[PDB]
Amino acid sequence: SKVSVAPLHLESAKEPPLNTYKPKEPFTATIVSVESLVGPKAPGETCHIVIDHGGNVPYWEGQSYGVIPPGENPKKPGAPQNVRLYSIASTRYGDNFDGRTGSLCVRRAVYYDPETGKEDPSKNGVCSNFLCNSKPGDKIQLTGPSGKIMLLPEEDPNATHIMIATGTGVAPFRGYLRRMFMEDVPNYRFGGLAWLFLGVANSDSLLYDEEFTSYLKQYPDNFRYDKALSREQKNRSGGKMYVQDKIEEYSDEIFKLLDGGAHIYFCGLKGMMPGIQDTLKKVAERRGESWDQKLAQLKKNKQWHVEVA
């Protein structure tokens, strides 16, 4: 059944923690584990990082941690590095169900010369490689937590939640879905529909697929799961199979759900939002609806939740 979690006093706060730790005095957390999430055919490594904050930096699902990688700011000598934000991929109880760890889902930013393909480690992303290079016992400077856009609306435990992720944008939704389905949270018994759409390059690039597939078998009446494998599938128009093409495959169901009050979440590449808007406008147009008016109503009704980068 659902996994026992502790401490239940993490449910007591009425407001999300915010900026508990700030950049000039971060919390020195400790790495528990780092593991690759992806297989050899993935275009790049995405790693899962479990971070022991000891209960000192609690958060709510949908929030981000800040990480200050070591070193000095290049554009400000003697200054610390800037914060990088990472959507937390764990529930508030974390992957050890004890309120002491949080997890990040981090893609290594690797530079390749556009013409030679030559790598240049000096142009690699500092924090993402710092994180995926981390080992148990290493220290991580944490700030935050931060973010309210992606907090899970729990007022209606039978709400519908349509989650659209690309790549590491899956992070908040791993947290949502563990709280909805995996953890024994007496004060949040989810009985609605959670529908995850996940776009990744190929099968080897899938993130937490075994976990999400397990929800299909455990909660078949409350969870749906669709993947867009961009380098293994192509869309109706011939472009690579992207999440927007998967949304289009279910557009009548999705619009009906939205009309019924469903929340819809977008997390991942900022570049996916224009193609999603184009798809939704085309879908609306075929239904004889104005997408612009629909989106205005969704935003007014606080059904529309976007965090992309």
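Position 1 is the first residue in the sequence shown; the rest follow in order.
- Mean CA B-factor, 182-190 versus 94-102: the higher value falls on 182-190.
- For the pair 247-255 and 260-268, the mean Cα B-factor is higher in 247-255.
- Ranking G144, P136, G169, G71 by the C-alpha B-factor listed in the PDB entry places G71 at the top.
- The PDB entry assigns the greatest CA B-factor among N222, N202, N129, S87 to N202.
- Remark: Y208 belongs to the lowest third of its chain, ranked by C-alpha B-factor as recorded.
- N56 sits in the lowest third of its chain by CA B factor, as recorded in the PDB entry.
- Placement of the Cα temperature factor of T279 within the chain: highest third of the modelled residues, per the deposited record.
- Ranked by C-alpha B-factor against the other modelled residues of its chain, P26 falls in the middle third.
- Residue-level temperature factors show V67 in the lowest third of its chain, judged at the C-alpha atom.
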